[PDB]
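These notes concern the structure reproduced below.
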Amino acid sequence: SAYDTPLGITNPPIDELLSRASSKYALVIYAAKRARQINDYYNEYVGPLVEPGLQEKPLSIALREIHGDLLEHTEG
Amino acid sequence: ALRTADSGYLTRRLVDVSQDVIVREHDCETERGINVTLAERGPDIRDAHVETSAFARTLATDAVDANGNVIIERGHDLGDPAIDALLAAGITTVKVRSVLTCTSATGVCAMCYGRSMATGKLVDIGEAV
Amino acid sequence: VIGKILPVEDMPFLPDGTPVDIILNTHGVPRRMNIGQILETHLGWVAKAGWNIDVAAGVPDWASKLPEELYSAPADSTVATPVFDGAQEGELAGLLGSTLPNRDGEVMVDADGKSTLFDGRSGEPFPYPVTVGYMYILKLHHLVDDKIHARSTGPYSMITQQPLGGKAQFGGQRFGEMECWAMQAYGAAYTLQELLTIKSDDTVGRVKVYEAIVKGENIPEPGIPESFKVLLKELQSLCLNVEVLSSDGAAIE
Amino acid sequence: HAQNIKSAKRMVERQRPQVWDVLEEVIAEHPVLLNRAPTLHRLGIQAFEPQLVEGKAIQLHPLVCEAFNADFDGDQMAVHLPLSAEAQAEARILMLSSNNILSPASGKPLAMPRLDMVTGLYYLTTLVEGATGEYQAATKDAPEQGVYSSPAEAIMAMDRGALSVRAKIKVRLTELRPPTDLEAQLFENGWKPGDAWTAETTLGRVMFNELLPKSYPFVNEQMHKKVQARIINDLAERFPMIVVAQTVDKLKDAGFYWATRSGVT
Amino acid sequence: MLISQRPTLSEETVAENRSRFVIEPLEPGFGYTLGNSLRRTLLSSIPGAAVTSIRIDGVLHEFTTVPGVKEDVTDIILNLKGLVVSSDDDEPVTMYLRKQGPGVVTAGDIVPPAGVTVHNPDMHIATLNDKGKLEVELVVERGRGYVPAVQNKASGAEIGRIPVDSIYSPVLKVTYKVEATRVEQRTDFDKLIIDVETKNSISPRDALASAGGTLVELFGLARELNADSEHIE
Amino acid sequence: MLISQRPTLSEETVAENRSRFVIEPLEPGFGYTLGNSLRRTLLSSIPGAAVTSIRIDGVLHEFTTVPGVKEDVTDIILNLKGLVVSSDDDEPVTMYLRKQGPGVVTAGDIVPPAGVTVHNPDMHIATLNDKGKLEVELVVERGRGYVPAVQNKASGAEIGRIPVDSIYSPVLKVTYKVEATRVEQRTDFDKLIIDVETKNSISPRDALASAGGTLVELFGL
Amino acid sequence: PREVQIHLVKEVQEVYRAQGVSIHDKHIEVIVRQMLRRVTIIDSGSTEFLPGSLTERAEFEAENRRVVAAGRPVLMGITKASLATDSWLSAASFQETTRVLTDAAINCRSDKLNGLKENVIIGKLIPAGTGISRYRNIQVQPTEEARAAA
Ligand SMILES: [Mg+2]
Ligand SMILES: [Zn+2]
C-alpha cells in the first residue's frame with residue numbers, strides 16, 4: 001500500500017485519517033473546530049501541537065495533527 | 001434538446017420525494033431483507049447483474065447451506081470473496097438487508113443501506129443517501 | 001476553446017521549419033462524424049502550396065472527371081468546391097500529389113497527405129506521419145473577456161439582499177437548487193449554510209465575513225438569511241402567526 | 001508589504017508585482033468548489049487546490065470532465081471559495097476530487113482515463129509482431145537478442161533507435177510485482193523490494209506497471225478502457241483512495257505522453 | 001543584448017545512486033530547451049566502460065544451457081549486462097571469471113587486469129551446482145551511451161563468442177518533467193525536475209557536471225563564431 | 001570504441017538572409033535534441049530591435065484613419081509590425097518617416113538616426129494622394145522574443161503615443177535534419193544540418209552564435 | 001409490498017441495463033421505499049382518520065394497536081408522496097402554497113425541521129453529513145500526553 005508521497009491538500013492521506021475519527025463527517029468537524037481553535041490561538045487557546053510550517057494554514061495543521069494522534073474527540 | 005430538461009424535472013421530483021431520507025442511526029437490527037437471485041441452479045454460473053443487485057450490501061440472515069456450516073454471518077459488506085464463497089458453498093439465493101425492509105422510524109439505519117459507493121466502506125451515520 | 005498558446009518554438013513543425021498554427025484532436029473526428037475538416041485541411045494543403053498534376057501523354061485516370069484549367073496552380077491559390085458537387089476522395093488523393101514550392105526543393109506532405117512532423121517540445125520526429133494542412137478556422141464571439149467573472153465583495157442590490165447578477169455590474173454567480181442538491185448529497189452542511197447565508201442573503205454576515213477574513217479571525221456562525229426573514233415577514237403580512245421555539249424556551253424574531 | 005488595509009486593498013486593486021509572491025502563499029491548500037451547470041450528480045460539484053495560471057481560463061483536470069459531463073466546447077464553470085474552516089474542511093475531505101474517484105452510482109471509478117489517455121495507454125501497452133528489438137530466441141549462431149537487464153536499459157534502447165515500445169521483449173524487473181501464477185513459481189517465501197525476476201512483456205507494459213503501485217501485481221495485457229476500469233476498480237477496492245488518485249494521474253500523464261507518439265491521426 | 005536572472009540549480013538525492021535535480025525558475029520555455037538535451041546527453045554522451053561481448057566454456061551452438069549451473073545463458077548475460085566497470089584503456093580489454101564447485105559466483109570473484117576496477121564486488125552472476133566449473137571470458141570496452149549486440153565479423157565469425165548489448169552510460173535511467181512557477185508577475189516560467197538513476201561508479205552530480213561539460217564544450221563551437229549578443233548569470 | 005573527435009561546426013550559405021550549418025560527428029540520436037535546443041533558443045530568445053510605439057501627429061489613436069491614405073492606421077501599424085530593423089543602443093530610439101503629397105510610402109522612405117538600420121526598404125506601408133500628408137515617428141527598442149503592446153496609461157506616456165505589438169525576433173525560421181551516415185557496424189554517428197533563416201536584422205551566423213552563447217551561458221555546473 | 005418493491009427495481013433498472021448505464025439497486029430502493037411508506041384507510045378510522053386518505057405507516061401502526069381501524073397498502077406517485085409531508089414549509093415550497101398554508105394554519109402544526117429542504121429555506125445547518133448534533137457538537141480536546149511538553 002505505497003503512494004510514494006502526497007502533495008498539497010491530499011497530504012495527509014484520507015484513509016489514514018478515516019481510521020482516527022468515527023467517519024469523514026466527524027473528521028470534518030474534528031479538523032474544523034481544531035482549525036478554528038488554531039485560528040483563535042494567533043488572536044480556547046491550545047496549539048499548535050505539531051511543529052507548523054513557516055507560512056502554513058490551520059486546516060493543514062489540524063489535518064496533520066489528527067493523523068499524528070495528538071487529539072481526542074467526543075461524539076454528542 | 002428535450003431530454004436534459006425532462007431528466008432535470010425527473011431529478012427534481014426524485015430529489016424532492018427523497019429529500020428527507022438520511023442515515024440517522026447505525027443499526028435498528030431487523031432480520032427482514034430481500035432474497036437476491038445470485039446463480040439460479042448451476043453450474044451442474046454467475047448472474048450478469050450481481051454488481052447492481054447484491055454487491056456493497058449487508059447480509060440479512062446467516063448464510064446457511066444444505067449441511068449448515070454457516071460460511072458467513074449476517075452483516076458482511078459482500079466483497080467478491082463472499083459472493084464466490086457463497087457460489088462455491090452451494091446456495092442459489094442470498095437474503096440481503098435493504099432500505100425497503102428497514103425498521104428505522106426516522107430516515108434509515110447505516111447497516112440496512114450497505115457499503116457506501118462514494119467511500120467504499122460501510123455508509124456513514126449522517127449520509128443523505 | 002483555446003487550451004494553451006504554445007510559444008511557436010515548442011509547437012510541432014514541418015521539416016522546412018514552418019511551425020503549425022493550430023493542432024485539433026483526432027478523437028473528436030470519428031465520434032462527431034465531421035471529416036469535412038480533414039478534406040478541407042488536405043485540399044487546404046493542396047491550395048496553400050502551388051501544384052502541377054504532371055499530366056502525361058494524355059491525362060491521368062484519377063483526373064478523368066476533373067475540371068479543365070485546374071491541372072496547374074501557383075502558391076496561395078484560392079479554391080472553390082460546390083458544397084454537394086465539389087472535389088472528391090480520388091481527386092484529393094491525386095491532388096495531394098503536388099509540386100514542392102517551399103523555397104527548398106523537397107515535399108513536406110506525402111501522397112496520403114500525412115507530413116513527418118518534428119516535435120518542438122522534445123526535438124524528435126514523431127514516430128508516425130501526422131495529417132497537417134490548411135483548415136480555414138473562425139474566431140467565434142465566445143471570448144473570455146465577456147465570460148470571465150470574479151467577486152470577493154462589492155455592491156449589493158437594494159430590493160433583493162443577494163449580490164446583483166451580471167458580468168457588467170461586477171456581479172457574483174447563481175448557486176442554484178441543483179447545486180444545493182449536490183452539496184447536500186455530499187453533506188457539506190457548513191458550506192451550503194455559508195453559501196445560502198453570509199455568502200448571499202445575510203446583511204450582518206456579508207459585512208462581518210469580509211472584516212473577519214481581512215482581520216484573519218474565525219468566520220462568524222451564519223445567523224439567519226434575509227430569504228428566511230422576508231418569508232417570515234411575508235407570512236406575518238399574510239396573517240399566518242408563525243413563531244420560533246425550541247424544546248425548552250421560545251425564541252424572538 | 002502594505003502599511004494599512006486600505007493600501008493593501010489599493011495594491012491588490014492596482015495588481016502590483018508584490019501581490020503574486022503572496023497570492024500562492026495565500027492560495028496554498030485553500031480549496032475551491034468548481035461547478036458545471038447543469039449540476040446533475042453529486043460530483044457535478046468538486047473541490048480543488050487552485051494553482052495560479054496566466055490567462056483568463058480555468059485549467060480543469062482531464063479526468064474530472066466526466067465527473068462534470070463538461071466538454072471544452074465553450075462550456076463555462078463556476079468557482080466558489082469556501083470561507084469557513086468547516087467549509088474548507090468539507091471541501092478538503094468530502095468532495096475534493098481525489099477523495100471521491102468512485103461515482104455514487106455503481107461505485108465505479110468516474111475519474112478514470114477517457115478519450116486520448118485511453119488510446120495513449122492502448123498503444124503504450126498493446127503488443128505488435130515483427131517489431132524493433134523483438135524477442136527472437138535464435139538457434140545455434142546468435143543469442144535471443146530481445147532480452148534486457150533493466151527497464152532503464154530498454155528505455156535507453158528505445159530512445160536510441162534500436163527498440164520499438166510495442167515489442168514482445170524479455171525484461172528483468174526488480175521494483176514491479178509479477179503475475180499471481182508467476183509469484184508462486186519463482187519466490188513463494190520472500191518478497192521483491194529489490195530482488196529480480198524475468199517477464200516476457202512490452203517495454204510499454206513495464207512503463208505502464210511502473211505507474212501502477214509498488215505492491216500491485218503485473219498485468220501484461222493491452223489496456224482497453226474496460227481493462228483500465230477493472231484495474232482501477234481492483235486498485236479502488238484493494239488499495240487506499242490516494243493510491244488510486246495518484247496511479248490514475250500517472251496513467252493520465254503517461255497516457256497523454258503516449259497519445260502523441262501513438263500516431264492516431 | 002539580453003539579461004536573464006536566477007537560473008539556480010539544486011540537488012535532491014533519493015538513494016546513493018538515484019537523484020532528482022531541480023533547475024529553476026527558467027524563462028518561459030527554457031525548461032524543455034535544455035531538458036531533453038540534458039537527458040539525451042546524460043544518457044548517450046558521458047564516457048564509461050561496459051561488457052561488449054562474452055564467451056563461456058562448452059557452448060559451441062547451444063540454446064541457453066551451461067553445464068553445472070542452475071541459471072540460463074540469457075539470465076547470465078542479463079546479470080553480466082548489470083556488471084558495472086570503469087577502465088582507463090579506450091580499447092577492448094579482456095577479463096576472465098573462473099569458479100569451481102557448488103554455490104554462487106559473486107562480482108568480487110572476477111580478477112580485473114591493470115586499469116579496470118569493479119565498484120560493487122557484492123553482486124550476483126550465477127548459481128553453480130555440484131561437480132561443475134564455470135570459466136567465462138568478458139570483453140570490457142570503453143564507450144558512450146547504449147550500443148546493441150554488434151555483429152562486425154567478431155560475434156558472427158567466432159565459435160564460442162556471444163555479443164551483449166553494451167550500457168557504457170554511467171547513468172541508467174534519466175527522465176524529466178517541467179512545471180510553471182511564478183517568479184515576479186508572469187507564470188509559465190519553467191522549473192525543470194530532472195530524475196536520474198546512475199550506476200555506483202560515478203555520482204549523479206559528477207555525471208550532470210560531465211553532461212554539462214560536453215554540452216557547454218559542444219555549444220562553445222557555436223558561441224565562438226561571434227560572441228557579441230549574450231545573456232546574464 | 002570511442003569517437004575521440006570534437007564536433008566541427010562548418011558554416012554553409014544558401015542566401016544572405018538564410019544559411020545552413022553542418023555539425024558532426026555526434027552520438028546516435030543525439031543530433032535531433034541538439035538541433036532542437038538551437039532552434040528553440042533561436043525562435044524564442046535572440047536579442048533583436050523592433051517598433052515598440054508609433055506616433056502619427058495627426059490621428060490620436062489606432063482605430064481611426066489619416067486624411068488621404070489608402071490603408072487605415074490599424075493596417076499601417078499591422079504593416080509597420082512587418083518591418084525588420086536593427087539598433088546598437090538598447091535604449092529607446094525614435095525614428096522619423098515624413099512624406100507629403102502623392103505616391104507609395106515604402107519602408108525605404110523612413111529616416112533612422114545614427115546606429116539604427118532598416119533591412120527591407122522595398123516593403124509597402126501606405127499609398128497616399130496629393131491631399132494626404134503622412135508624418136509618423138516609430139520608436140524602436142532592443143529586446144528578445146515577443147512582448148504584448150505595453151499600455152501608455154501604465155507608463156508616463158502621452159495620449160499621442162500608439163503602442164504596437166513588438167516582435168524582438170530577428171530570426172524568421174529555423175529547421176534541421178540529421179543524416180544516419182554509416183551503417184550500425186563500425187561506430188555509427190549522426191551529423192545534424194540546420195537551416196537558419198533571419199529577417200536580415202542579423203545574419204544566420206550572428207543568430208546561431210547568439211543562441212549557442214545563450215545555451216553555453218544557460219548550462220551551469 | 002415486497003414483490004412490487006422488487007418489480008419497480010427490476011422494471012426501472014432494465015432501462016439503464018439496456019441503455020448501457022449501471023446504477024446500484026439500493027439507490028432505486030431509497031425511492032421505491034419513499035413510495036411505499038403510506039396506507040389508504042378503508043373504514044373505522046378510530047382517531048378522526050378519513051376513508052381514502054394518505055397516512056404514514058409508522059404513525060398508523062402506533063394508532064392501529066387501539067389498546068382500549070382498517071388500512072390497506074397503497075403505491076403513490078413521487079410528486080404525491082413529496083406533496084404528502086408533515087413539514088408545512090416543504091409542502092408549501094413544492095406546490096399549491098395557499099391550499100397547504102390554509103390547511104396547516106388552521107391545524108397550528110409545529111414543524112420539527114426533521115427534513116432538510118426546510119432547514120435550507122430557514123437557512124439553518126441541514127440534518128445530514130456535518131450538521132447532525134452527534135457531528136456538529138463534537139468536543140475535540142488535545143490529549144494531555146501531547147499538551148504535557150507542548
Ligand atoms: Mg458539449
Ligand atoms: Zn435497520
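Here's how to read the names in the C-alpha cells: chain A, B, ... by the order shown, residue numbers from 1 in each chain, ligand numbers from 1 in the order shown.
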
List all protein, DNA and RNA residues that have at least one atom no more than 10 Å from any atom of ligand 2, counting only C-alpha atoms and all ligand atoms, and write them as JSON, numbers by chain.
-> {"B": [23, 25, 26, 27, 28, 29, 30, 31, 32, 33, 60, 97, 98, 99, 100, 101, 102, 103, 104, 105, 108, 109, 110, 111, 112, 113]}

Take the residues that were just selected and, keeping N, CA and C atoms, output them as a short mmCIF file (atom, residue, chain, number, x, y, z; two decimals), in the first residue's frame.
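Output below, filename part-v6.cif:
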```
data_model
loop_
_atom_site.label_atom_id
_atom_site.label_comp_id
_atom_site.auth_asym_id
_atom_site.auth_seq_id
_atom_site.Cartn_x
_atom_site.Cartn_y
_atom_site.Cartn_z
N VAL B 23 -29.13 8.61 6.62
CA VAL B 23 -28.67 7.56 7.57
C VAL B 23 -28.68 8.17 8.98
N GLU B 25 -29.27 6.45 12.22
CA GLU B 25 -28.60 5.56 13.20
C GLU B 25 -27.72 4.56 12.45
N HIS B 26 -26.98 3.71 13.18
CA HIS B 26 -26.08 2.67 12.63
C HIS B 26 -26.89 1.41 12.30
N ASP B 27 -27.56 0.84 13.31
CA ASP B 27 -28.30 -0.45 13.22
C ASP B 27 -29.57 -0.38 14.08
N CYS B 28 -30.73 -0.57 13.45
CA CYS B 28 -32.05 -0.79 14.10
C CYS B 28 -32.24 -2.29 14.42
N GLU B 29 -31.51 -3.16 13.71
CA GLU B 29 -31.48 -4.64 13.88
C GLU B 29 -32.83 -5.23 13.47
N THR B 30 -32.93 -5.67 12.21
CA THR B 30 -34.10 -6.38 11.62
C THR B 30 -33.59 -7.57 10.79
N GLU B 31 -34.24 -8.73 10.93
CA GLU B 31 -33.91 -9.98 10.19
C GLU B 31 -34.46 -9.89 8.76
N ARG B 32 -35.45 -9.03 8.52
CA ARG B 32 -36.08 -8.80 7.19
C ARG B 32 -35.03 -8.28 6.21
N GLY B 33 -35.23 -8.55 4.92
CA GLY B 33 -34.33 -8.15 3.82
C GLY B 33 -35.00 -8.33 2.47
N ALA B 60 -28.67 -10.20 5.50
CA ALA B 60 -29.85 -10.19 6.41
C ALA B 60 -29.79 -11.39 7.36
N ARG B 97 -29.93 -7.21 3.53
CA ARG B 97 -30.64 -6.10 4.21
C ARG B 97 -30.80 -4.95 3.21
N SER B 98 -32.02 -4.41 3.11
CA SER B 98 -32.41 -3.32 2.18
C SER B 98 -33.03 -2.17 2.98
N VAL B 99 -32.97 -0.95 2.43
CA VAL B 99 -33.75 0.23 2.93
C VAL B 99 -35.25 -0.11 2.81
N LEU B 100 -35.64 -0.83 1.74
CA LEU B 100 -37.01 -1.37 1.51
C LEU B 100 -37.58 -1.92 2.83
N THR B 101 -36.82 -2.82 3.47
CA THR B 101 -37.18 -3.51 4.74
C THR B 101 -36.22 -3.06 5.84
N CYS B 102 -36.22 -1.76 6.14
CA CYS B 102 -35.52 -1.14 7.30
C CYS B 102 -36.56 -0.68 8.32
N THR B 103 -36.43 -1.12 9.58
CA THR B 103 -37.41 -0.92 10.68
C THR B 103 -37.19 0.44 11.36
N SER B 104 -36.19 1.22 10.94
CA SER B 104 -35.90 2.59 11.43
C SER B 104 -37.09 3.51 11.13
N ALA B 105 -37.57 4.24 12.14
CA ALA B 105 -38.71 5.19 12.03
C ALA B 105 -38.26 6.41 11.21
N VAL B 108 -33.05 6.12 7.62
CA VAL B 108 -32.65 4.68 7.59
C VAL B 108 -31.49 4.46 8.57
N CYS B 109 -31.22 3.19 8.90
CA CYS B 109 -30.02 2.75 9.67
C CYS B 109 -28.91 2.36 8.68
N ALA B 110 -27.66 2.69 9.03
CA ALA B 110 -26.46 2.54 8.17
C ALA B 110 -26.38 1.11 7.62
N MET B 111 -26.51 0.11 8.49
CA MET B 111 -26.31 -1.32 8.14
C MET B 111 -27.26 -1.72 6.99
N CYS B 112 -28.55 -1.38 7.10
CA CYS B 112 -29.61 -1.76 6.12
C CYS B 112 -29.29 -1.23 4.71
N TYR B 113 -28.68 -0.04 4.61
CA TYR B 113 -28.31 0.61 3.32
C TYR B 113 -27.22 -0.22 2.63
#
```

When the cut-off is 7 Å and you count only C-alpha atoms and all ligand atoms, which residues lie near ligand 1, shown as a PyMOL selection string?
-> chain D and resi 70-71+73+75

Members of range 20-134 of chain D assigned helix (DSSP H, G or I) by DSSP, as a PyMOL selection string = chain D and resi 20-27+42-44+64-68+85-93+116-125

Per residue of chain G within 12 Å of chain C, which atom pair is closest and at what distance in Å (one decimal), using only C-alpha atoms, listed by chain and increasing number, as JSON lines?
```
{"residue": "G:88", "atom": "CA", "partner": "C:242", "partner_atom": "CA", "distance": 11.3}
{"residue": "G:89", "atom": "CA", "partner": "C:231", "partner_atom": "CA", "distance": 10.3}
{"residue": "G:92", "atom": "CA", "partner": "C:231", "partner_atom": "CA", "distance": 11.5}
{"residue": "G:93", "atom": "CA", "partner": "C:231", "partner_atom": "CA", "distance": 11.2}
{"residue": "G:97", "atom": "CA", "partner": "C:235", "partner_atom": "CA", "distance": 11.2}
{"residue": "G:98", "atom": "CA", "partner": "C:238", "partner_atom": "CA", "distance": 10.4}
{"residue": "G:101", "atom": "CA", "partner": "C:240", "partner_atom": "CA", "distance": 8.3}
{"residue": "G:102", "atom": "CA", "partner": "C:240", "partner_atom": "CA", "distance": 8.8}
{"residue": "G:103", "atom": "CA", "partner": "C:240", "partner_atom": "CA", "distance": 11.5}
{"residue": "G:104", "atom": "CA", "partner": "C:240", "partner_atom": "CA", "distance": 9.7}
{"residue": "G:105", "atom": "CA", "partner": "C:240", "partner_atom": "CA", "distance": 6.5}
{"residue": "G:106", "atom": "CA", "partner": "C:240", "partner_atom": "CA", "distance": 9.4}
{"residue": "G:107", "atom": "CA", "partner": "C:240", "partner_atom": "CA", "distance": 11.6}
{"residue": "G:108", "atom": "CA", "partner": "C:241", "partner_atom": "CA", "distance": 9.0}
{"residue": "G:109", "atom": "CA", "partner": "C:242", "partner_atom": "CA", "distance": 10.2}
{"residue": "G:110", "atom": "CA", "partner": "C:243", "partner_atom": "CA", "distance": 9.3}
{"residue": "G:111", "atom": "CA", "partner": "C:244", "partner_atom": "CA", "distance": 9.8}
{"residue": "G:112", "atom": "CA", "partner": "C:246", "partner_atom": "CA", "distance": 9.3}
{"residue": "G:113", "atom": "CA", "partner": "C:246", "partner_atom": "CA", "distance": 10.9}
{"residue": "G:115", "atom": "CA", "partner": "C:184", "partner_atom": "CA", "distance": 12.0}
{"residue": "G:116", "atom": "CA", "partner": "C:184", "partner_atom": "CA", "distance": 8.8}
{"residue": "G:117", "atom": "CA", "partner": "C:181", "partner_atom": "CA", "distance": 9.5}
{"residue": "G:118", "atom": "CA", "partner": "C:228", "partner_atom": "CA", "distance": 10.2}
{"residue": "G:119", "atom": "CA", "partner": "C:193", "partner_atom": "CA", "distance": 9.2}
{"residue": "G:120", "atom": "CA", "partner": "C:193", "partner_atom": "CA", "distance": 7.6}
{"residue": "G:121", "atom": "CA", "partner": "C:228", "partner_atom": "CA", "distance": 6.4}
{"residue": "G:122", "atom": "CA", "partner": "C:228", "partner_atom": "CA", "distance": 5.0}
{"residue": "G:123", "atom": "CA", "partner": "C:224", "partner_atom": "CA", "distance": 6.0}
{"residue": "G:124", "atom": "CA", "partner": "C:193", "partner_atom": "CA", "distance": 6.4}
{"residue": "G:125", "atom": "CA", "partner": "C:193", "partner_atom": "CA", "distance": 5.5}
{"residue": "G:126", "atom": "CA", "partner": "C:189", "partner_atom": "CA", "distance": 5.7}
{"residue": "G:127", "atom": "CA", "partner": "C:189", "partner_atom": "CA", "distance": 8.0}
{"residue": "G:128", "atom": "CA", "partner": "C:187", "partner_atom": "CA", "distance": 5.5}
{"residue": "G:129", "atom": "CA", "partner": "C:187", "partner_atom": "CA", "distance": 3.9}
{"residue": "G:130", "atom": "CA", "partner": "C:189", "partner_atom": "CA", "distance": 5.3}
{"residue": "G:131", "atom": "CA", "partner": "C:189", "partner_atom": "CA", "distance": 5.4}
{"residue": "G:132", "atom": "CA", "partner": "C:189", "partner_atom": "CA", "distance": 9.1}
{"residue": "G:133", "atom": "CA", "partner": "C:189", "partner_atom": "CA", "distance": 11.9}
{"residue": "G:135", "atom": "CA", "partner": "C:189", "partner_atom": "CA", "distance": 10.7}
{"residue": "G:136", "atom": "CA", "partner": "C:189", "partner_atom": "CA", "distance": 9.3}
```

Could you list, as a ChimeraX atom specification, every residue of chain B that has an atom within 10 Å of an atom of chain C, counting only C-alpha atoms?
-> /B:8,11-12,15-16,19,22,118,126-129

Taking the backbone alone, and naming residues the way the document does, which bits of range 7-120 of chain G are strand (DSSP E or B) by DSSP, as a ChimeraX atom specification?
-> /G:38-43,55-56,70-73

Min atom-atom distance to chain E from the set D:155, D:131, D:95, D:2, counting only C-alpha atoms, belongs to D:155

Identify, on the basis of only C-alpha atoms, every residue whose closest approach to range 79-94 of chain B does not exceed 12 Å; exclude the query and any residue fewer than 4 positions from it along the same chain; express the result as a short mmCIF file (atom, residue, chain, number, x, y, z; two decimals) with C-alpha atoms, in the first residue's frame.
```cif
data_model
loop_
_atom_site.label_atom_id
_atom_site.label_comp_id
_atom_site.auth_asym_id
_atom_site.auth_seq_id
_atom_site.Cartn_x
_atom_site.Cartn_y
_atom_site.Cartn_z
CA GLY B 33 -34.33 -8.15 3.82
CA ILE B 34 -34.72 -9.18 0.13
CA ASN B 35 -33.75 -12.56 -1.49
CA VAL B 36 -31.28 -11.81 -4.39
CA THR B 37 -31.06 -14.46 -7.22
CA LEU B 38 -27.20 -14.96 -7.36
CA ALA B 39 -26.54 -18.09 -9.55
CA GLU B 40 -30.01 -19.73 -10.11
CA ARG B 41 -29.44 -23.57 -10.41
CA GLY B 42 -25.83 -24.36 -11.52
CA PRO B 43 -23.16 -24.94 -12.53
CA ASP B 44 -24.49 -28.56 -12.97
CA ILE B 45 -22.94 -19.84 -13.03
CA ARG B 46 -22.76 -16.08 -12.11
CA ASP B 47 -25.69 -13.62 -12.70
CA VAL B 50 -24.77 -9.23 -9.30
CA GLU B 51 -22.78 -5.90 -9.15
CA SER B 53 -28.23 -6.24 -7.04
CA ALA B 54 -26.04 -7.96 -4.36
CA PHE B 55 -22.61 -6.18 -4.14
CA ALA B 56 -21.79 -3.50 -1.47
CA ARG B 57 -24.73 -4.59 0.84
CA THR B 58 -25.06 -6.13 4.38
CA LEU B 59 -26.41 -9.76 4.67
CA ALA B 60 -29.85 -10.19 6.41
CA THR B 61 -29.61 -13.89 7.54
CA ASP B 62 -26.63 -16.16 8.47
CA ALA B 63 -25.61 -17.84 5.14
CA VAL B 64 -26.98 -21.39 5.93
CA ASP B 65 -26.40 -24.22 3.35
CA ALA B 66 -27.51 -27.93 2.98
CA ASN B 67 -25.08 -29.04 5.79
CA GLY B 68 -25.46 -25.82 7.88
CA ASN B 69 -21.72 -24.87 8.21
CA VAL B 70 -22.63 -21.08 8.06
CA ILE B 71 -19.62 -19.80 5.96
CA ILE B 72 -20.65 -16.10 6.57
CA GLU B 73 -22.94 -14.42 9.21
CA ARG B 74 -25.48 -11.51 8.82
CA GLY B 75 -23.84 -8.04 8.36
CA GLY B 114 -24.94 -1.21 2.87
CA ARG B 115 -21.34 -0.27 1.85
CA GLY B 120 -16.17 2.18 -0.44
CA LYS B 121 -16.65 1.36 3.31
CA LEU B 122 -19.83 0.94 5.48
CA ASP D 234 -9.20 -3.51 -8.22
CA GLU D 237 -11.36 -1.97 -3.66
CA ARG D 238 -7.84 -3.24 -2.63
#
```

Using only C-alpha atoms, find which residues of chain A lie within 9 Å of chain B and jot them down as a VMD selection string.
-> chain A and resid 22 to 25

How would the residues just picked look written out with C-alpha atoms as a PDB file, in the first residue's frame?
```
ATOM      1  CA  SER A  22     -15.518   7.628  13.507  1.00  0.00           C
ATOM      2  CA  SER A  23     -16.444   8.882   9.964  1.00  0.00           C
ATOM      3  CA  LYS A  24     -15.334  11.544   7.385  1.00  0.00           C
ATOM      4  CA  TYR A  25     -18.345  13.630   8.635  1.00  0.00           C
TER       5      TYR A  25
END
```

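Among the candidates D:17, D:162, D:23, D:79, the residue lying nearest to residue 55 in chain A is D:23 (atoms considered: only C-alpha atoms).
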
Polymer residues at most 7 Å from range 145-156 of chain F, only C-alpha atoms, same-chain spacing of 3 or more positions, as a VMD selection string | chain F and resid 44 to 46 163 to 169

Pull N, CA and C atoms from the residues just selected and write them as a CSV table (one decimal), in the first residue's frame.
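Output saved as part.csv:
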```csv
chain,number,residue,atom,x,y,z
F,44,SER,N,12.8,31.4,-29.8
F,44,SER,CA,12.4,32.1,-28.6
F,44,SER,C,13.3,33.3,-28.3
F,45,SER,N,14.5,33.2,-27.8
F,45,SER,CA,15.3,34.3,-27.2
F,45,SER,C,16.6,34.5,-28.0
F,46,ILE,N,16.5,35.5,-28.9
F,46,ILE,CA,17.6,36.2,-29.6
F,46,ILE,C,17.4,37.7,-29.4
F,163,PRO,N,0.9,52.4,-28.8
F,163,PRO,CA,1.6,51.1,-28.7
F,163,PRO,C,1.4,50.2,-29.9
F,164,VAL,N,2.4,49.4,-30.2
F,164,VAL,CA,2.3,48.4,-31.3
F,164,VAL,C,2.9,47.1,-30.7
F,165,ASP,N,2.4,45.9,-31.1
F,165,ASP,CA,2.8,44.6,-30.7
F,165,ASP,C,4.2,44.3,-31.2
F,166,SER,N,5.2,44.6,-30.4
F,166,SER,CA,6.7,44.4,-30.8
F,166,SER,C,7.0,42.9,-30.9
F,167,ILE,N,7.8,42.6,-32.0
F,167,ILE,CA,8.4,41.2,-32.2
F,167,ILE,C,9.9,41.4,-32.3
F,168,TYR,N,10.6,41.2,-31.1
F,168,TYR,CA,12.1,41.3,-31.0
F,168,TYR,C,12.7,40.0,-31.4
F,169,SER,N,12.3,39.5,-32.6
F,169,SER,CA,12.7,38.1,-33.2
F,169,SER,C,13.4,38.4,-34.5
```

Name the residues in contact with range 33-50 of chain C at a cut-off of 10 Å, using only C-alpha atoms, excluding same-chain residues fewer than 3 positions from it; report them as a count of residues only.
-> 42

Considering only C-alpha atoms, extract the chain C residues located within 7 Å of chain F and return them as an NGL selection string.
-> :C and (9-10 or 15-17 or 120 or 122-124)

Chain E residues within 10 Å of chain C, counting only C-alpha atoms: which ones, as a PyMOL selection string?
-> chain E and resi 28-29+31-37

Counting only C-alpha atoms, what is within 7 Å of residue 177 in chain E, bar same-chain residues fewer than 6 positions away, as a PyMOL selection string?
-> chain E and resi 192-194

Output as a Markdown table one row per residue of chain C within 8 Å of chain A: the closest atom pair and its distance in Å to one decimal place, counting only C-alpha atoms, sorted by chain and residue number ascending.
```
| residue | atom | partner | partner_atom | distance |
| --- | --- | --- | --- | --- |
| C:216 | CA | A:39 | CA | 7.8 |
| C:217 | CA | A:39 | CA | 6.4 |
| C:218 | CA | A:36 | CA | 5.9 |
```

Since we have the selection now, will you write its residues out, keeping N, CA and C atoms, as a CSV table (one decimal), in the first residue's frame?
```csv
chain,number,residue,atom,x,y,z
C,216,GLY,N,-8.4,38.2,9.8
C,216,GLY,CA,-7.8,36.8,9.9
C,216,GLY,C,-8.3,36.1,11.1
C,217,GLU,N,-9.6,36.2,11.4
C,217,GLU,CA,-10.3,35.6,12.6
C,217,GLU,C,-11.2,34.4,12.1
C,218,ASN,N,-11.8,33.7,13.0
C,218,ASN,CA,-12.8,32.7,12.7
C,218,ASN,C,-14.0,33.3,12.0
```

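The smallest atom-to-atom distance between chain G and any of A:8, A:46, A:57, A:20, using only C-alpha atoms, is found for A:46.
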